[PDB]
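FYI, in full-length UniProt numbering the residues of the sequence shown are 127 to 280, 286 to 390.
As structure tokens, the structure follows; a few thoughts come after it.
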Amino acid sequence: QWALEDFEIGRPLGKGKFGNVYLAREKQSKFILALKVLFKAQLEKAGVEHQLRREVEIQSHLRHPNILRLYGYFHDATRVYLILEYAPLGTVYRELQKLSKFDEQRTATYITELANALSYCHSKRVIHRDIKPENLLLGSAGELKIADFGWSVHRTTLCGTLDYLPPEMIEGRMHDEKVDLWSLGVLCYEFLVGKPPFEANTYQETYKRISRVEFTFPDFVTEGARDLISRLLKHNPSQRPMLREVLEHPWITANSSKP
Ligand SMILES: O=C(O)[C@]1(Cc2cccc(Nc3nccs3)n2)CC[C@@H](Oc2cccc(Cl)c2F)CC1
């Protein structure tokens, strides 16, 4: 159905992994959107071509205000095109770099939006969202948009991004939606501190620190934040909180801007 000629392509928004993304406009409807270009050769070489295919298929049936909407996709012999919701304010990652760390209010609000999205995802049996700051885009009102279409990987090939992977994903082959509770904890930490909790010199050391749940807090992290993060970063996934509990955490309640 869709083809490149169905769109009026504008300026490049930026260069990402596997290709550029363009501000664009569907011809007939004049609807403004983002067009992500992905080169098949780079997808194959990076080992993520099958993940991307699965993700675009799953997410084509999903709709949530804090998930970057995927309107559709198409391909030729060379490239894959994603027709995406346009998120004007770019990645949370750039803001995190600019500011070094976020305050508790912006953080709790981000954690809220992420928790709502992940709750929706789980109801749809969609799990293990790679919600690292690079994959978090910003709507025109500063609302967070999960934009993970399966293009990061890390014997067995693991899906996602090392610093955010839970112990069960690195130690074993079985895991459920509780992995998304672990990620939420890493992100909350990262938001407040400026770096993820298990950051180490090498992959292997990161691999081991995650297994041991070996991390420390800086002194400035408040008690409520530490409490949430500590609950989220539990080794046994069965011991991790449910998303409802997160959304009703006193530190979240006391600090988030929205339900
Ligand atoms: O410089 C930046 O901030 C960007 C480009 C950029 C800058 C400003 C706004 C913007 N808005 C957008 N709305 C939808 C897609 S991009 N996009 C670099 C490329 C990056 O590429 C991606 C990253 C993760 C997931 C996805 Cl779908 C990506 F397309 C997006 C941020």
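Just so you know, even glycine gets a beta-carbon here, dropped at the ideal spot from N, CA and C.
Do residue i and residue j have their C-beta atoms closer together than 7 Å?
i	j	result
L164	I209	no
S314	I257	yes
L378	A234	no
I193	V252	no
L244	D311	yes
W277	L139	no
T238	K389	yes
Considering residue i, what are the terminal residues of the alpha helix (DSSP H) in which it resides?
i	result
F322	310-324
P298	298-302
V218	218-225
Looking at C-alpha atoms only, which residue of the options is the closest neighbour of residue i?
i	options	result
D229	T353, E134, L240	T353
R151	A167, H254, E134, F200	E134
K143	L130, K162, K156, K153	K162
residue 285	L139, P349, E299, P372	The model contains no atoms for residue 285, which sits in the stretch where the chain goes from 280 to 286 directly.
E211	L270, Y338, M305	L270
Can you tell me whether residue i is buried or exposed? The criterion is at least 16 other CB atoms within 10 Å of its CB, across all chains shown.
i	result
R343	exposed
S387	buried
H176	exposed
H187	exposed
Pull up the distance between the alpha-carbon of residue i and that of residue j, whole angstroms please.
i	j	result
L196	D358	35 Å
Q370	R362	8 Å
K227	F351	12 Å
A273	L296	17 Å
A172	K166	10 Å
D307	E376	18 Å
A331	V279	18 Å
Taking the beta strand (DSSP E) that residue i falls in, what are its first and last residues?
i	result
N242	Taken as a continuous stretch (DSSP letters only), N242 belongs to no beta strand (DSSP E), being part of the alpha helix (DSSP H) at 230-249.
Compare the C-beta of residue i with all C-beta atoms of chain D and state if any pair is closer than 7 Å.
i	result
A331	Of the chains in the structure shown, none is chain D; there is only one protein chain.
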